[PDB]
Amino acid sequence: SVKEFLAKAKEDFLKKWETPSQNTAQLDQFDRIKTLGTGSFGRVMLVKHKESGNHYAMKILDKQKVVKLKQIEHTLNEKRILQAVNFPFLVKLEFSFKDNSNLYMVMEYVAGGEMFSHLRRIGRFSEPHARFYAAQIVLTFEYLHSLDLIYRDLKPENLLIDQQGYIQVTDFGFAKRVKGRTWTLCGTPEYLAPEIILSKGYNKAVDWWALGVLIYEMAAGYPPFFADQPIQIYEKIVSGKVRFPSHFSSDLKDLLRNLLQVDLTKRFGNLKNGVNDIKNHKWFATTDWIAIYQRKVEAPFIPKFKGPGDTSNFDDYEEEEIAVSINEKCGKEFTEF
């Protein structure tokens, strides 16, 4: 049963939520190999755990940069939630710790690369290809939302492809446990729901909107709202006009009209029927939800894998010296990390 599974999942989550894991490794236990991705203020590096020989992906956050960008509470949210969740399509946090300068989150290394890079290279995914990935996000949001979690940064750049061709969601940077509504302007411009842009107070329905944008971008090769600058993107989003490529199927367009829906009383995922309005939509008719969950469905493609610590599926980045300090920075702000 779904109710039985979710009831057990919530019990599991709450135990870890209430007593988070803390300080479970240290920096000199890893060799830092190569940068896998860099943002405005996070760096993720391929590392090798010396004692086990395992490769991991280590997210490094400069505490001082976190403070300057007013991301303290978000970063605490990020680690507290990621350490507490457990789902087949969520990246696993193995260790976390901090030093004088930085915060560290050590995840399983997902070697297949970002969905983003494959999507840009191939141009677009076929509808069945897009559906395979979309099904996994649907189940993932069902899991997250049941725990009163909002994810808040769905995009191809935060979705990794594993050795079996399945999705691993990374970047819990804006994840938040909230029962009521919330107000923070965060996400990625192309993926923001109108209510975020318009400072209205919003809820988990923004994740469903974001799913609409994701499906569109996967199937079209480009987002439904694009421009050179964020402000121009926001105008298009608030406008609530979406044009679909002529190759889009009738079922796909209908589903997207219901996800990319400005009216919250009408947006799929947010109605009385909740997630089942999406699961039961004609576009997903060929989807076997249990088989997706159990990872028994054949993947559209398997990424190339040359070796245990191969980074071929990732762009190269300029390397930077790790921040180091003789004195502890921002001790009080990150005491719980």
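Start at 1 and count along the sequence shown; that's the residue number.
Judged by mean Cα B factor in the deposited record, 291-299 ranks above the other of 58-66 and 291-299. Checked against the record, the higher mean CA B factor of 20-28 and 324-332 lies with 324-332. Annotation for residue 263: C-alpha temperature factor in the highest third relative to the rest of the modelled chain, per the entry. In the deposited entry, the Cα temperature factor of residue 251 places it in the highest third of its chain's modelled residues. In the PDB entry, a CA B factor belonging to the lowest third of its chain's modelled residues is recorded for residue 44.
Per the deposited record, the Cα B-factor of residue 224 falls in the lowest third when ranked against the other modelled residues of its chain.
In the PDB entry, a CA B factor belonging to the highest third of its chain's modelled residues is recorded for residue 163.
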